[PDB]
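Okay, so here's just one chain, in structure tokens, the form deposited in one PDB entry.
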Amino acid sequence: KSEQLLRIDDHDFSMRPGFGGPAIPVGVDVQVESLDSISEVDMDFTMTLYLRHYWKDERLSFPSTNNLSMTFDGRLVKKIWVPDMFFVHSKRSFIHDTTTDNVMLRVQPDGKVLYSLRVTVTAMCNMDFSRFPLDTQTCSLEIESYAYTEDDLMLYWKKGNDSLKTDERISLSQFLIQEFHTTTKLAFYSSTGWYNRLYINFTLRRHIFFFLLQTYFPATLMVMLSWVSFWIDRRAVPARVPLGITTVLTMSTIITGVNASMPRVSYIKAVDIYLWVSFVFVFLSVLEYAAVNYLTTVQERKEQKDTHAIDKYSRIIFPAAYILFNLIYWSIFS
């Protein structure tokens, strides 16, 4: 019997190998299969990957005439001792079990053990949307032992930076993924001790042109369209008056639609400043003609008892101010 060549009943597998002595080293390899989703409101991402472990245990040695290793499944895991890695700062995770548990075990004749499993994990990631939609985000995934400190278990990447592999077809619907690399660091708990921690890092970016076309183009078009009133005859009140209020209504509807399209992040972003500055420009364009009309009526009544200079100066002042605002805005936000 396979479980009789291995002396399962003769050893206490509730304790780590080398109990009471130096720490046992464990090597780790990771292969990333896919990135499933990302949430901007809850600030988390989902990943599916393969996790592998490497260690040696003399209690699992068996006599053999050659180097043929045996293979087992998740049923033997509950009997032998195995590491207890967990994902730090994770929200939820599970191990796939169809059509059975995705667990394998390979034992060398001298006692070397390979332990692999397939897992999906959701982890948190703090994001800053102040520079939206020109922002860039960085995320990380962390692995650590739960029960054993550095004095009992030593955790490291088995092959350095070569221990990380990624699928050729990994992609996201609305982000660009790049710059995968791994690092290590020591963690401290005030009541427990010191622990080793591993990291996997990557970066995300957006598509700029889509957001530009969807947001900045209509606002600029409406602002430029509001300047048309400066060239219409001032005597045509029933034509000059409705144009401004209709432009205001159009801008308000555009802003409402843009707000409805974006995720519910409740603080000021870069796009809001541009939109509301455009709204203020459209607002001032309406008061200009009211002032002009009042002055014309007062002059006519006084006379009773040619282009106005305000239009002539507005035709020059408004585009220059808009260009200056655009220059400052695009110099600040790169």
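When you see a residue number, it is the position in the sequence shown, counting from 1. Rigid core (definition): largest C-alpha set, two forms, superposition within 1.5 Å.
Absent from the display: the form deposited in another entry. The rest refers to it.
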property	result
Residue from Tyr199, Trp227, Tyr156, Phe86 whose Cα, after superposing the rigid core, lies 2 Å or more away between this form and the one not shown	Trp227
Per-residue C-alpha change between this form and the one not shown, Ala23, threshold 2 Å, rigid core fit	no
Core-superposed comparison between this form and the one not shown, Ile255 Cα displacement 2 Å or beyond	yes
CA of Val119, rigid core aligned, shift of 2 Å or more between this form and the one not shown	no
